[PDB]
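Next up is one chain by itself, shown in structure tokens, the form deposited in one PDB entry.
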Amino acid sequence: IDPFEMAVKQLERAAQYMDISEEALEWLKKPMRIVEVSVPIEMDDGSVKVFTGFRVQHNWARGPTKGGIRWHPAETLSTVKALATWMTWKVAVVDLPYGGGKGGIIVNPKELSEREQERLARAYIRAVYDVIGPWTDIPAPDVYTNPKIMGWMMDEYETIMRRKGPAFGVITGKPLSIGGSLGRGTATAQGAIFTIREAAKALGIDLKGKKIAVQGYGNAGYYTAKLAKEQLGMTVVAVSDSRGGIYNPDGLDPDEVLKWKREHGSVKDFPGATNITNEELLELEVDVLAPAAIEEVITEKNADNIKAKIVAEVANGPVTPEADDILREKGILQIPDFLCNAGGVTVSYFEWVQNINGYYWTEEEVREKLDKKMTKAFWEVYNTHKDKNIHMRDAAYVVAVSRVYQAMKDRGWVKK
């Protein structure tokens, strides 16, 4: 209830800033397809247990739906619907020929063995084959899913389809040995770095030697901090895990920080540096701020203390709308959540193109194409933000929903 209602409220807020017909808004409120299936597997003890799987294709006007799969024991149908709703305009803003999709299974993979995980993935594919495909619905990695599981899923889809078409293209995020694409690990970070560089160029500020404060030191956060450090010439000054944050004015090299975290389970007490909580970490005076951690991290309470000129929210909605408004009134250029982390879905689209075309690119071509796509999308959103004189999230939403609306009108779905 809560996630889908939040998503539809955000869609209404975005739509009231532009001229969109009521019928189109009502159509976009309801996802096109919802598939709730029972996924049965045989456990290692011999018993047969059935889980509940959801596959929501929110829209496919612009093209085949693209959406991730989450294996976590809490999400429900409404959560998957809201995430597919987000995926729709996340692929729309990047100007991809994709619709919005999402997948999930109510399951806790912590206690599932490797054989059990493989059986669950294969049975999920067997259940949802009738509504997925290379040209209809492309699954993507998400929470608690890895390239191994979706290599298994692609194998099952190939077995069912009898190798009639491009099986490798049914699912993305696959291992490089079987249908994989270069740059998948660094996709989100690369997209975020491209967006930060474009925002800096828009603001006319040089990034040579500037300061970046990154909250959240996961895979995406670490790669963002590193890619900033070398590519942007930026001085990394803040990285935080779930335990605490690390500060040093002179600069941090993410490699040894990651080694320390892997050695002792956390980055706490890094040599030659001070320990600061994430709450005061968001209060640093830097040039770039990157929240790459738990969502709704910047709230209305601490929004007044934010001083970074450019903030790029890698995480999914880590800034509350009120805090977003307070950052807007402070002259702070803020990259939308679904535009900053769109590198992952853009690289997944590139992987799908490689699979369907039968031609595999090098990391150089993938990086160049991701750079071009990010630049074009960001500057389209930036021009919209100046033209309509509304916040950057709303500009990105307007661009994405306008693209989806135009796709619907061209297909004849909506006559208004």
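Numbering starts at 1 and follows the sequence shown.
Quick note: we don't show the form solved in complex with a small molecule, though the next part is all about it.
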Item to check | Non-hydrogen atom within 4.5 angstroms of the small molecule in the deposited bound form for each of 36, 104 and 128 | outcome: no
Checklist entry - So in the deposited bound form, does any heavy atom of residue 348 sit within 4.5 Å of the small molecule? => result yes
Checklist entry - Is residue 134 close to the small molecule in the deposited bound form, meaning a heavy atom pair under 4.5 Å apart or at it? => result no
Checklist entry - Can residue 236 be called a contact residue for the small molecule in the deposited bound form at 4.5 Å between heavy atoms? => result no
Item to check | in the deposited bound form, residue 155 touching the small molecule (heavy atom, 4.5 Å) | outcome: no
Next on the checklist: At 4.5 Å between heavy atoms, only one of the stretches 339-347, 118-126, 301-309, 199-207 reaches the small molecule in the deposited bound form; which one is it?
Outcome noted: 339-347
Checklist outcome for this item: Exactly one of 93, 288, 87, 252 comes within 4.5 Å of the small molecule in the deposited bound form through a heavy atom, and that residue is 87
